[PDB]
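Colleague: The following file, model.cif, comprises mmCIF, C-alpha atoms:
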data_data
#
loop_
_atom_site.group_PDB
_atom_site.id
_atom_site.type_symbol
_atom_site.label_atom_id
_atom_site.label_comp_id
_atom_site.auth_asym_id
_atom_site.auth_seq_id
_atom_site.Cartn_x
_atom_site.Cartn_y
_atom_site.Cartn_z
ATOM 1 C CA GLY G 1 0.000 0.000 0.000
ATOM 2 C CA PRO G 2 2.349 2.769 1.267
ATOM 3 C CA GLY G 3 5.235 1.061 -0.533
ATOM 4 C CA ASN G 4 8.815 0.655 0.683
ATOM 5 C CA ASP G 5 9.340 4.186 2.017
ATOM 6 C CA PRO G 6 9.976 4.092 5.801
ATOM 7 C CA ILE G 7 9.633 7.420 7.608
ATOM 8 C CA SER G 8 12.925 6.596 9.283
ATOM 9 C CA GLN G 9 14.517 8.144 6.221
ATOM 10 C CA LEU G 10 13.141 11.618 6.927
ATOM 11 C CA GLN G 11 13.407 11.283 10.693
ATOM 12 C CA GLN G 12 17.038 10.375 10.095
ATOM 13 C CA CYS G 13 17.885 14.048 9.564
ATOM 14 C CA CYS G 14 15.860 15.008 12.634
ATOM 15 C CA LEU G 15 17.895 12.645 14.797
ATOM 16 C CA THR G 16 20.984 14.750 14.149
ATOM 17 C CA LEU G 17 18.997 17.965 14.301
ATOM 18 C CA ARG G 18 21.570 20.301 12.775
ATOM 19 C CA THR G 19 20.985 23.647 14.525
ATOM 20 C CA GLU G 20 23.366 26.518 15.249
ATOM 21 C CA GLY G 21 23.879 27.206 18.953
ATOM 22 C CA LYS G 22 22.615 23.702 19.734
ATOM 23 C CA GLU G 23 24.836 21.339 21.685
ATOM 24 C CA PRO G 24 26.263 18.310 19.768
ATOM 25 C CA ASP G 25 24.608 14.911 20.127
ATOM 26 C CA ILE G 26 24.710 11.447 18.547
ATOM 27 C CA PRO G 27 21.505 9.367 18.982
ATOM 28 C CA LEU G 28 21.315 5.744 17.851
ATOM 29 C CA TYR G 29 18.282 3.495 17.337
ATOM 30 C CA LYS G 30 18.687 -0.078 18.594
ATOM 31 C CA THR G 31 16.469 -2.855 19.939
ATOM 32 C CA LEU G 32 15.695 -2.095 23.575
ATOM 33 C CA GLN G 33 14.127 -5.363 24.671
ATOM 34 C CA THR G 34 12.161 -8.325 23.324
ATOM 35 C CA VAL G 35 8.833 -9.604 24.663
ATOM 36 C CA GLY G 36 6.358 -12.406 23.987
ATOM 37 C CA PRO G 37 9.072 -15.149 23.838
ATOM 38 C CA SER G 38 6.385 -17.731 24.612
ATOM 39 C CA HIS G 39 4.993 -17.504 21.067
ATOM 40 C CA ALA G 40 5.921 -14.922 18.442
ATOM 41 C CA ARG G 41 9.043 -12.935 19.269
ATOM 42 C CA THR G 42 8.635 -9.150 19.266
ATOM 43 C CA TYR G 43 11.237 -6.373 19.268
ATOM 44 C CA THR G 44 10.827 -3.111 21.177
ATOM 45 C CA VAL G 45 12.877 -0.056 20.222
ATOM 46 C CA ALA G 46 12.923 3.516 21.524
ATOM 47 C CA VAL G 47 14.727 6.490 20.014
ATOM 48 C CA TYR G 48 16.225 8.893 22.564
ATOM 49 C CA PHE G 49 17.264 12.493 21.924
ATOM 50 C CA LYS G 50 18.706 15.100 24.274
ATOM 51 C CA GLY G 51 17.948 12.578 27.015
ATOM 52 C CA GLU G 52 14.258 12.402 26.046
ATOM 53 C CA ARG G 53 12.259 9.878 24.029
ATOM 54 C CA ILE G 54 11.599 11.214 20.546
ATOM 55 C CA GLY G 55 10.010 8.088 19.054
ATOM 56 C CA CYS G 56 9.159 4.501 19.971
ATOM 57 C CA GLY G 57 7.583 1.528 18.207
ATOM 58 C CA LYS G 58 7.261 -2.262 18.294
ATOM 59 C CA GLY G 59 6.985 -5.117 15.814
ATOM 60 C CA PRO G 60 8.079 -8.691 14.938
ATOM 61 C CA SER G 61 11.224 -7.228 13.384
ATOM 62 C CA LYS G 62 13.572 -4.290 13.806
ATOM 63 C CA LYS G 63 12.789 -3.018 10.312
ATOM 64 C CA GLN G 64 9.086 -2.896 11.104
ATOM 65 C CA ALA G 65 9.690 -1.677 14.650
ATOM 66 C CA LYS G 66 12.001 1.118 13.569
ATOM 67 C CA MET G 67 9.525 2.272 10.949
ATOM 68 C CA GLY G 68 6.831 2.611 13.578
ATOM 69 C CA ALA G 69 9.197 4.348 15.983
ATOM 70 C CA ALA G 70 10.173 6.931 13.381
ATOM 71 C CA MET G 71 6.531 7.464 12.475
ATOM 72 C CA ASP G 72 5.683 7.941 16.140
ATOM 73 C CA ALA G 73 8.123 10.841 16.380
ATOM 74 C CA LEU G 74 6.644 12.314 13.226
ATOM 75 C CA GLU G 75 3.152 12.196 14.712
ATOM 76 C CA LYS G 76 4.408 13.744 17.948
ATOM 77 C CA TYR G 77 6.240 16.345 15.871
ATOM 78 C CA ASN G 78 9.932 17.047 16.438
ATOM 79 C CA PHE G 79 10.916 19.831 18.834
ATOM 80 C CA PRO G 80 7.289 20.728 19.745
ATOM 81 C CA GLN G 81 6.538 24.429 20.153
ATOM 82 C CA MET G 82 3.289 26.406 20.360
#
Could you express the structure from this file as structure tokens?

Modeller:
Amino acid sequence: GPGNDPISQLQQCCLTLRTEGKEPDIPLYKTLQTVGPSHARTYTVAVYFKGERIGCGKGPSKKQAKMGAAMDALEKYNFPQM
């Protein structure tokens, strides 16, 4: 349906967040923990930025999980400001 176009691609730039006057940082997305070992194995990942969660998702695979995590950040909007 949506095709092979994970939002992680766009969010990738956000992770670095290149901004003048902003302190340097290097965030990395990696499986946090697995659950449901009894039956189907699931992977849980959470992206952290500036010491705060920016996106988080879950799925039967990292590729699927990461996609959801990136999308979550997108929905929550990066660097929220009214």

Colleague: Run the PyMOL selection byres ((chain G and resi 7) around 6) mentally over the shown coordinates, then write out the matched residues as a PyMOL selection string, using the chain letters and numbers from the document.

Modeller: chain G and resi 6+8-10+70-71

Colleague: Just want the 12 Å neighbourhood of residue G:4, counted on all atoms listed in the file, with same-chain residues fewer than 6 positions away dropped. Output as a VMD selection string.

Modeller: chain G and resid 63 to 64 67

Colleague: I'd like the interatomic distance between atom CA of residue G:56 and atom CA of residue G:44, to a tenth of an Å.

Modeller: 7.9 Å

Colleague: Between G:80, G:59, G:1, G:51, which one has atoms that come closest to residue G:31, using all atoms listed in the file?

Modeller: G:59

Colleague: Taking (15.4, 5.5, 22.0) as a centre in this file's frame and 8 Å as the limit, can you find every polymer residue with an atom that close, using all atoms listed in the file, and give them as a list in words?

Modeller: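 Those residues, ordered by chain and then number, are residues 27, 28, 29, 30, 32, 45, 46, 47, 48, 49, 53, 54, 55 and 56 of chain G.
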
Colleague: Go through G:5, G:50, G:16, G:62 one by one, measure the shortest atom-to-atom distance of each to residue G:33 using only C-alpha atoms, and give the residue with the smallest value.

Modeller: G:62

Colleague: One decimal, Å: what's the distance from atom CA of residue G:79 over to atom CA of residue G:65, could you say?

Modeller: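 Interatomic distance, atom CA of residue G:79 to atom CA of residue G:65: 21.9 Å.
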
Colleague: To one decimal place in Å, what is the distance between atom CA of residue G:77 and atom CA of residue G:18?

Modeller: 16.1 Å

Colleague: Could you check the closest approach to residue G:14 for each of G:26, G:82, G:68, G:34 and tell me which residue wins, using all atoms listed in the file?

Modeller: G:26

Colleague: Can you tell me, as AutoDock Vina command-line options, the centre and edge lengths (Å, one decimal) of the axis-aligned box enclosing all of stretch 63-67 of chain G's listed atoms after padding each side by 3 Å?

Modeller:
--center_x 10.9 --center_y -0.4 --center_z 12.5 --size_x 9.7 --size_y 11.3 --size_z 10.3

Colleague: I'd like to know which of G:81, G:42, G:17, G:11 is closest to residue G:61, using only C-alpha atoms.

Modeller: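 Checking each of G:81, G:42, G:17, G:11 against residue G:61, counting only C-alpha atoms, the winner is G:42.
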
Colleague: Assuming the input is short of atoms at stretch 56-72 of chain G, produce N, CA and C atoms for that part as a PDB file, keeping the file's coordinate frame.

Modeller:
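The result, stored in rebuild-v2.pdb:
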ATOM      1  N   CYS G  56       9.115   5.882  19.504  1.00  0.00           N
ATOM      2  CA  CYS G  56       9.159   4.501  19.971  1.00  0.00           C
ATOM      3  C   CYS G  56       8.118   3.658  19.251  1.00  0.00           C
ATOM      4  N   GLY G  57       8.492   2.428  18.909  1.00  0.00           N
ATOM      5  CA  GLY G  57       7.583   1.528  18.207  1.00  0.00           C
ATOM      6  C   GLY G  57       7.920   0.074  18.509  1.00  0.00           C
ATOM      7  N   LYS G  58       7.057  -0.834  18.058  1.00  0.00           N
ATOM      8  CA  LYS G  58       7.261  -2.262  18.294  1.00  0.00           C
ATOM      9  C   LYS G  58       6.775  -3.075  17.101  1.00  0.00           C
ATOM     10  N   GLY G  59       7.365  -4.250  16.917  1.00  0.00           N
ATOM     11  CA  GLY G  59       6.985  -5.117  15.814  1.00  0.00           C
ATOM     12  C   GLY G  59       7.753  -6.434  15.868  1.00  0.00           C
ATOM     13  N   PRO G  60       7.421  -7.351  14.999  1.00  0.00           N
ATOM     14  CA  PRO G  60       8.079  -8.691  14.938  1.00  0.00           C
ATOM     15  C   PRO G  60       9.503  -8.608  14.398  1.00  0.00           C
ATOM     16  N   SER G  61       9.887  -7.424  13.929  1.00  0.00           N
ATOM     17  CA  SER G  61      11.224  -7.228  13.384  1.00  0.00           C
ATOM     18  C   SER G  61      11.685  -5.796  13.599  1.00  0.00           C
ATOM     19  N   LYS G  62      13.000  -5.610  13.602  1.00  0.00           N
ATOM     20  CA  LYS G  62      13.572  -4.290  13.806  1.00  0.00           C
ATOM     21  C   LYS G  62      13.159  -3.349  12.686  1.00  0.00           C
ATOM     22  N   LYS G  63      13.152  -3.851  11.454  1.00  0.00           N
ATOM     23  CA  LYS G  63      12.789  -3.018  10.312  1.00  0.00           C
ATOM     24  C   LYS G  63      11.376  -2.463  10.486  1.00  0.00           C
ATOM     25  N   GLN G  64      10.463  -3.322  10.885  1.00  0.00           N
ATOM     26  CA  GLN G  64       9.086  -2.896  11.104  1.00  0.00           C
ATOM     27  C   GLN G  64       8.984  -2.021  12.347  1.00  0.00           C
ATOM     28  N   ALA G  65       9.707  -2.415  13.391  1.00  0.00           N
ATOM     29  CA  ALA G  65       9.690  -1.677  14.650  1.00  0.00           C
ATOM     30  C   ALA G  65      10.264  -0.275  14.487  1.00  0.00           C
ATOM     31  N   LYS G  66      11.369  -0.170  13.765  1.00  0.00           N
ATOM     32  CA  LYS G  66      12.001   1.118  13.569  1.00  0.00           C
ATOM     33  C   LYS G  66      11.083   2.050  12.784  1.00  0.00           C
ATOM     34  N   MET G  67      10.407   1.487  11.788  1.00  0.00           N
ATOM     35  CA  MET G  67       9.525   2.272  10.949  1.00  0.00           C
ATOM     36  C   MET G  67       8.443   2.911  11.798  1.00  0.00           C
ATOM     37  N   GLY G  68       7.876   2.118  12.697  1.00  0.00           N
ATOM     38  CA  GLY G  68       6.831   2.611  13.578  1.00  0.00           C
ATOM     39  C   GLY G  68       7.380   3.659  14.537  1.00  0.00           C
ATOM     40  N   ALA G  69       8.581   3.416  15.051  1.00  0.00           N
ATOM     41  CA  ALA G  69       9.197   4.348  15.983  1.00  0.00           C
ATOM     42  C   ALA G  69       9.414   5.707  15.324  1.00  0.00           C
ATOM     43  N   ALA G  70       9.932   5.691  14.104  1.00  0.00           N
ATOM     44  CA  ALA G  70      10.173   6.931  13.381  1.00  0.00           C
ATOM     45  C   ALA G  70       8.859   7.665  13.127  1.00  0.00           C
ATOM     46  N   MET G  71       7.842   6.906  12.738  1.00  0.00           N
ATOM     47  CA  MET G  71       6.531   7.464  12.475  1.00  0.00           C
ATOM     48  C   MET G  71       5.952   8.085  13.738  1.00  0.00           C
ATOM     49  N   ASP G  72       6.196   7.442  14.876  1.00  0.00           N
ATOM     50  CA  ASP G  72       5.683   7.941  16.140  1.00  0.00           C
ATOM     51  C   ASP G  72       6.214   9.345  16.400  1.00  0.00           C
TER      52      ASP G  72
END
